[PDB]
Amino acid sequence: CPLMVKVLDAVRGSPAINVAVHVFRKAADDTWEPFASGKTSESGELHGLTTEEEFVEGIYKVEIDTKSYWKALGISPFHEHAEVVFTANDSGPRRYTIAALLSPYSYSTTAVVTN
């Protein structure tokens, strides 16, 4: 509910299906601890990463494994992955959608924060 990831393919004009996504939370020692992960669905979406109880304020990193996605399509890509790093705050809207639009040599990302 509170954190969703959506991935789109700008070459095929389609959801980016079966993309691995890893979420990390910054620890007190300034290391990235694993938090949640999954693979995007047939709709390009990854739901159920976390719960309101566990998604406390902090710095989070969403890593989208774009290189493996392009390699599986036979397309040489530029990036190792796409990383989205942000602070979650409780004074802001409650639902976070991290969206990424992928091309072999480019990506765009935006946050949609609602409620």
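Heads up: residue numbers just count along the shown sequence, starting at 1.
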Entry B factor averaged over C-alpha atoms, 77-85 against 45-53: higher for 45-53
Got a sec? Mean C-alpha B-factor, which is higher, 26-34 or 58-66? 26-34
Grab the CA temperature factor for residue 92 from the record and place it in the lowest, middle or highest third of its chain. highest
In terms of the chain's CA B-factor thirds, is residue 113 lowest, middle or highest? highest
Ranking the modelled residues of this chain by C-alpha B-factor as given in the entry, is residue 8 in the lowest, middle or highest third? lowest
